[PDB]
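Presented below is the structure to which this report refers.
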Ligand SMILES: Cc1nnc2ccc(N(C)Cc3ccc(F)c(F)c3)nn12
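In the working numbering, the protein residues as written are 2 to 126.
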């Protein structure tokens with residue numbers, strides 16, 4: 002049930018950038034989603050040893066979570082809003098891939114995805 006190293010939250014040879022949309026993704030999108038009653042499974046990388054999911058990283062090869070996204074936004078790791086939005090979408094699709102329709106955690110990810118899309122529908126200019 003080995004855990005791989007968590008996804009990087011900095012990369013010295015990757016260029017950094019800051020935009021109004023990336024500041025909004027941290028201040029409004031991430032920090033509001035974080036407080037949702039169903040955010041807690043997604044606030045840190047999946048710990049296969051703690052959670053007893055020894056096949057999690059046998060299935061999920063591009064893991065992602067909101068704790069990683071938060072640190073990436075705080076580091077100015079992303080070039081643009083779309084790069085950050087792809088990490089949220091990877092986090093949701095990983096949940097759907099590892100589990101099955103109707104599972105409690107899938108119902109959680111479905112509700113968070115809807116709220117996420119509602120908030121990114123309109124971004125600052
Ligand atoms: C499965 C699975 N797939 N991705 C993840 C991420 C986190 C995660 N935890 C914390 C355990 C858990 C199990 C069932 C749940 F209903 C739930 F809310 C949470 N489990 N999980």
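The beta carbon of each residue, even a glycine, is placed where N, CA and C say it ideally should be.
Do you know how far the Cα of residue 118 is from the Cα of residue 60?
-> 26 Å
Residue 3, DSSP secondary structure in three states = coil
C-alpha distance - residue 54 paired with residue 109, whole-angstrom precision | 18 Å
If you run the structure through DSSP and keep just helix, strand and coil, what is residue 44?
-> coil
Say yes only if the C-beta of residue 121 is nearer than 8 Å to one or more non-hydrogen atoms of ligand 1, and no if none qualify.
-> no
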